[PDB]
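Numbering (PDB author numbering), first residue to last: 22 to 142. C-beta: ideal position from N, C-alpha, C; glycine also. Here the structure is laid out as structure tokens; the discussion comes afterwards.
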Ligand code: NA
């Protein structure tokens with residue numbers, strides 16, 4: 022149906038916008054601390070601590086499958102990246118601190134993304 026086509030075009034356009042958001046967030050992580058999953062071969066005890074691991078490569082895989090139906094879903098995944106890091110790592114670490122700076126810088130990007138999603142529909 023044409024109504025189904027129109028819904029698919031909207032999901033595609035949201036995907037486009039979320040790709041640009043993902044690229045902008047990731048630029049805020051030049052150290053690439055959050056680029057890839059924590060390897061269970063190098064923090065063997067990770068999944069005892071963190072129930073829902075998340076990273077930018079995992080988000081990009083979901084995005085390329087048009088797996089985010091709205092901005093809230095995408096934000097949930099970004100908050101997991103930050104929040105998981107702030108639990109596993111102590112305050113005094115480069116990891117905890119990098120997560121704080123990513124959250125702060127990413128707030129800016131996400132604020133305008135919400136306005137654009139709402140405005141374009
Ligand atoms: Na902690």
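Exercise for the section: May I ask you to verify whether the stretch 121-139 touches the stretch 22-34, counting CB pairs closer than 8 Å and requiring at least 3? Expected result: No contact exists between the stretch 121-139 and the stretch 22-34.
Practice task
Would you mind sorting residue 61 into buried or exposed? The rule is 16 or more other CB atoms within 10 Å of its CB.
Solution key: Residue 61 comes out exposed.
Practice task
Measure the CB-CB distance between residue 99 and residue 106 and report whether it falls below 7 Å.
Solution key: A distance of 7 Å or more separates the beta carbons of residue 99 and residue 106.
Exercise for the section: State yes or no: is the C-beta of residue 108 nearer than 6 Å to some heavy atom of the ligand NA? Expected result: Result yes, Cβ under 6 Å from the ligand NA.
Handout entry: Buried versus exposed, by CB contacts within 10 Å (16 or more), residue 23
Key = Flag for residue 23 reads exposed.
Handout entry: Residues near residue 126 by beta carbon distance below 7 Å, same chain, minus five either side
Key = Cβ neighbours of residue 126 beyond the five flanking positions: 49.
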